[PDB]
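Student: Dropping in input03.pdb, with PDB, C-alpha atoms.
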ATOM      1  CA  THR J 158      33.585  31.350 -15.999
ATOM      2  CA  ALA J 159      30.285  31.115 -17.872
ATOM      3  CA  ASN J 160      28.710  29.582 -20.976
ATOM      4  CA  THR J 161      27.347  31.875 -23.688
ATOM      5  CA  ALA J 162      24.935  29.453 -25.355
ATOM      6  CA  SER J 163      24.434  25.719 -25.876
ATOM      7  CA  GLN J 164      21.908  23.715 -27.893
ATOM      8  CA  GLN J 165      20.086  20.718 -26.422
ATOM      9  CA  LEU J 166      19.597  17.245 -27.897
ATOM     10  CA  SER J 167      17.266  14.364 -27.042
ATOM     11  CA  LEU J 168      16.588  11.317 -29.214
ATOM     12  CA  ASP J 169      15.981   8.578 -26.646
ATOM     13  CA  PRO J 170      14.233   8.569 -23.241
ATOM     14  CA  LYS J 171      17.237   7.126 -21.408
ATOM     15  CA  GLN J 172      19.284  10.092 -22.627
ATOM     16  CA  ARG J 173      16.731  12.892 -22.301
ATOM     17  CA  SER J 174      16.071  11.610 -18.781
ATOM     18  CA  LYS J 175      19.404  13.188 -17.846
ATOM     19  CA  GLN J 176      18.526  16.512 -19.471
ATOM     20  CA  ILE J 177      15.005  16.743 -18.055
ATOM     21  CA  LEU J 178      16.423  16.191 -14.568
ATOM     22  CA  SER J 179      18.892  19.034 -15.106
ATOM     23  CA  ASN J 180      16.010  21.410 -15.831
ATOM     24  CA  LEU J 181      13.449  19.748 -13.562
ATOM     25  CA  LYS J 182      13.284  22.655 -11.114
ATOM     26  CA  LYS J 183      12.037  24.719 -14.057
ATOM     27  CA  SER J 184       8.699  22.961 -13.571
ATOM     28  CA  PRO J 185       5.953  24.841 -11.680
ATOM     29  CA  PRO J 186       5.334  24.520  -7.917
ATOM     30  CA  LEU J 187       3.310  21.369  -7.244
ATOM     31  CA  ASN J 188       2.797  19.769  -3.831
ATOM     32  CA  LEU J 189       2.102  16.071  -4.389
ATOM     33  CA  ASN J 190       3.215  14.714  -1.014
ATOM     34  CA  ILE J 191       3.642  11.172  -2.331
ATOM     35  CA  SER J 192       6.007   9.106  -0.185
ATOM     36  CA  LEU J 193       8.634   7.157  -2.127
ATOM     37  CA  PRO J 194       9.096   3.614  -0.754
ATOM     38  CA  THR J 195      12.406   1.822  -1.301
ATOM     39  CA  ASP J 196      10.472  -0.733  -3.350
ATOM     40  CA  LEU J 197      10.002   1.928  -6.027
ATOM     41  CA  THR J 198      13.783   2.231  -6.317
ATOM     42  CA  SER J 199      14.517  -1.362  -5.311
ATOM     43  CA  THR J 200      17.273  -3.420  -6.934
ATOM     44  CA  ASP J 201      14.963  -5.961  -8.566
ATOM     45  CA  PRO J 202      12.297  -5.324 -11.237
ATOM     46  CA  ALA J 203       9.591  -7.160  -9.296
ATOM     47  CA  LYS J 204       9.709  -4.702  -6.395
ATOM     48  CA  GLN J 205      10.504  -1.778  -8.693
ATOM     49  CA  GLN J 206       7.371  -2.285 -10.790
ATOM     50  CA  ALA J 207       5.204  -3.393  -7.868
ATOM     51  CA  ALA J 208       5.935  -0.075  -6.159
ATOM     52  CA  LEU J 209       5.639   1.981  -9.346
ATOM     53  CA  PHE J 210       2.022   0.884  -9.772
ATOM     54  CA  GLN J 211       1.411   2.011  -6.192
ATOM     55  CA  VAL J 212       2.874   5.510  -6.487
ATOM     56  CA  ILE J 213       1.184   5.930  -9.867
ATOM     57  CA  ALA J 214      -2.182   4.799  -8.506
ATOM     58  CA  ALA J 215      -2.165   7.249  -5.598
ATOM     59  CA  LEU J 216      -0.972  10.025  -7.909
ATOM     60  CA  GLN J 217      -3.635   9.222 -10.503
ATOM     61  CA  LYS J 218      -6.463   9.535  -7.978
ATOM     62  CA  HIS J 219      -5.029  12.587  -6.216
ATOM     63  CA  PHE J 220      -4.753  14.078  -9.706
ATOM     64  CA  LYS J 221      -8.213  13.433 -11.150
ATOM     65  CA  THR J 222     -10.150  12.842  -7.930
ATOM     66  CA  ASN J 223      -9.564  11.377  -4.470
ATOM     67  CA  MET J 224     -12.498   9.055  -5.157
ATOM     68  CA  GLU J 225     -11.357   8.455  -8.737
ATOM     69  CA  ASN J 226     -10.436   5.026 -10.102
ATOM     70  CA  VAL J 227      -7.020   3.679 -11.097
ATOM     71  CA  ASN J 228      -6.548   3.921 -14.862
ATOM     72  CA  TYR J 229      -4.913   0.553 -15.532
ATOM     73  CA  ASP J 230      -4.800   0.976 -19.310
ATOM     74  CA  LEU J 231      -2.970   4.298 -19.020
ATOM     75  CA  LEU J 232      -0.942   2.949 -16.097
ATOM     76  CA  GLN J 233       0.884   0.578 -18.443
ATOM     77  CA  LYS J 234       2.085   3.616 -20.392
ATOM     78  CA  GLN J 235       3.045   5.791 -17.422
ATOM     79  CA  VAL J 236       4.819   2.809 -15.865
ATOM     80  CA  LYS J 237       6.433   1.670 -19.115
ATOM     81  CA  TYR J 238       8.073   5.077 -19.527
ATOM     82  CA  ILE J 239       9.808   4.976 -16.145
ATOM     83  CA  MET J 240      10.751   1.343 -16.752
ATOM     84  CA  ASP J 241      12.478   2.017 -20.074
ATOM     85  CA  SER J 242      13.906   5.299 -18.785
ATOM     86  CA  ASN J 243      15.447   3.389 -15.878
ATOM     87  CA  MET J 244      15.237   6.585 -13.827
ATOM     88  CA  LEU J 245      14.657   4.485 -10.709
ATOM     89  CA  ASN J 246      17.984   2.697 -11.164
ATOM     90  CA  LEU J 247      19.707   5.786 -12.564
ATOM     91  CA  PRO J 248      22.110   7.268  -9.980
ATOM     92  CA  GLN J 249      21.464  10.829 -11.152
ATOM     93  CA  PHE J 250      17.851  10.515 -10.005
ATOM     94  CA  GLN J 251      18.628   8.233  -7.063
ATOM     95  CA  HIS J 252      20.774  11.043  -5.658
ATOM     96  CA  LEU J 253      17.855  13.483  -5.582
ATOM     97  CA  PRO J 254      15.853  13.756  -2.332
ATOM     98  CA  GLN J 255      12.608  11.822  -1.901
ATOM     99  CA  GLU J 256      10.913  15.207  -2.267
ATOM    100  CA  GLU J 257      12.539  16.283  -5.533
ATOM    101  CA  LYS J 258      12.382  12.717  -6.846
ATOM    102  CA  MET J 259       8.589  12.995  -6.830
ATOM    103  CA  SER J 260       8.722  16.125  -8.987
ATOM    104  CA  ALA J 261      11.163  14.520 -11.422
ATOM    105  CA  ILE J 262       9.118  11.329 -11.727
ATOM    106  CA  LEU J 263       5.823  13.154 -12.247
ATOM    107  CA  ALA J 264       7.360  15.809 -14.495
ATOM    108  CA  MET J 265       8.940  13.183 -16.747
ATOM    109  CA  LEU J 266       5.672  11.235 -16.732
ATOM    110  CA  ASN J 267       4.196  14.219 -18.572
ATOM    111  CA  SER J 268       6.696  13.745 -21.399
ATOM    112  CA  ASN J 269       4.811  11.064 -23.331
ATOM    113  CA  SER J 270       1.310  11.426 -24.776
ATOM    114  CA  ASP J 271       0.072   8.055 -23.525
ATOM    115  CA  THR J 272       1.211   8.981 -20.016
ATOM    116  CA  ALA J 273      -0.060  12.545 -20.397
ATOM    117  CA  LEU J 274      -2.673  11.861 -17.717
ATOM    118  CA  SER J 275      -1.128  14.831 -15.911
ATOM    119  CA  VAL J 276      -3.638  16.879 -17.903
ATOM    120  CA  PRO J 277      -6.341  18.349 -15.628
ATOM    121  CA  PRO J 278     -10.091  17.659 -15.949
ATOM    122  CA  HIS J 279     -12.676  19.799 -17.742
ATOM    123  CA  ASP J 280     -15.110  21.420 -15.308
ATOM    124  CA  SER J 281     -18.443  21.657 -17.126
ATOM    125  CA  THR J 282     -21.944  22.750 -16.119
TER     126      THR J 282
END
Rewrite the structure from the file as structure tokens, please.
Tutor:
Amino acid sequence: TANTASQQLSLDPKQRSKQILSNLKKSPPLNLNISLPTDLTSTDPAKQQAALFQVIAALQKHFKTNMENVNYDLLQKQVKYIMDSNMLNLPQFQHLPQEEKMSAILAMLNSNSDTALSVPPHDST
């Protein structure tokens, strides 16, 4: 049994979130090594958000520079996405291993322009 061809569709983030996860592995090899505390995937929003800001902060610095600051303005966007997406609560993502989860979270974070911080710097002389 096999499928010849099938078109994809994505209008909302909550929906696409399921598709992106299906083709998450497609993403390139990236070793973040960012632990995922239960708080991030807690049951309440308070802990969920509180943790999100943490993981995002560490990722932001490790991305731009270890001694870099924590973009709060952009954080609201990167965090908002995950919030609306509800990936943390979503079982499809909750099933993935702490390791893969990191890739999915980051990967998806690079879906919106506002949260497109994933973009690397610009080495200049």
Student: Assuming 4 Å of padding per side, give the centre and edge lengths of the axis-aligned box around every listed atom of stretch 194-211 of chain J, in Å to one decimal and as AutoDock Vina command-line options.
Tutor:
--center_x 9.3 --center_y -1.8 --center_z -6.0 --size_x 23.9 --size_y 18.8 --size_z 18.5
Student: I want to know what sits within 12 Å of stretch 229-233 of chain J, based on only C-alpha atoms, with residues of the same chain fewer than 4 positions away left out; could you give that as a PyMOL selection string?
Tutor: chain J and resi 206+209-218+237-241+266+269-275
Student: Figure out the distance between atom CA of residue J:168 and atom CA of residue J:193, please, to one decimal in Å.
Tutor: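 So the answer is 28.5 Å.
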Student: Figure out the distance between atom CA of residue J:256 and atom CA of residue J:199, please, to one decimal in Å.
Tutor: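 It comes out at 17.2 Å.
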Student: On this structure, the PyMOL selection byres ((chain J and resi 170) around 10) would catch which residues? List them as a list in words, sorted by chain and number.
Tutor: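 Against this file, the PyMOL selection byres ((chain J and resi 170) around 10) returns the residues residues 167, 168, 169, 171, 172, 173, 174, 175, 176, 177, 238, 239, 241, 242, 243, 244, 265, 268 and 269 of chain J.
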Student: Export, as an mmCIF file, keeping the file's coordinate frame, the selected residues with C-alpha atoms.
Tutor:
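Below is the file that was written, part_0.cif:
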data_model
loop_
_atom_site.group_PDB
_atom_site.id
_atom_site.type_symbol
_atom_site.label_atom_id
_atom_site.label_comp_id
_atom_site.auth_asym_id
_atom_site.auth_seq_id
_atom_site.Cartn_x
_atom_site.Cartn_y
_atom_site.Cartn_z
ATOM 1 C CA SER J 167 17.266 14.364 -27.042
ATOM 2 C CA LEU J 168 16.588 11.317 -29.214
ATOM 3 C CA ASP J 169 15.981 8.578 -26.646
ATOM 4 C CA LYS J 171 17.237 7.126 -21.408
ATOM 5 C CA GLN J 172 19.284 10.092 -22.627
ATOM 6 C CA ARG J 173 16.731 12.892 -22.301
ATOM 7 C CA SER J 174 16.071 11.610 -18.781
ATOM 8 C CA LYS J 175 19.404 13.188 -17.846
ATOM 9 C CA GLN J 176 18.526 16.512 -19.471
ATOM 10 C CA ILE J 177 15.005 16.743 -18.055
ATOM 11 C CA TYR J 238 8.073 5.077 -19.527
ATOM 12 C CA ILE J 239 9.808 4.976 -16.145
ATOM 13 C CA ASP J 241 12.478 2.017 -20.074
ATOM 14 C CA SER J 242 13.906 5.299 -18.785
ATOM 15 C CA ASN J 243 15.447 3.389 -15.878
ATOM 16 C CA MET J 244 15.237 6.585 -13.827
ATOM 17 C CA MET J 265 8.940 13.183 -16.747
ATOM 18 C CA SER J 268 6.696 13.745 -21.399
ATOM 19 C CA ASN J 269 4.811 11.064 -23.331
#
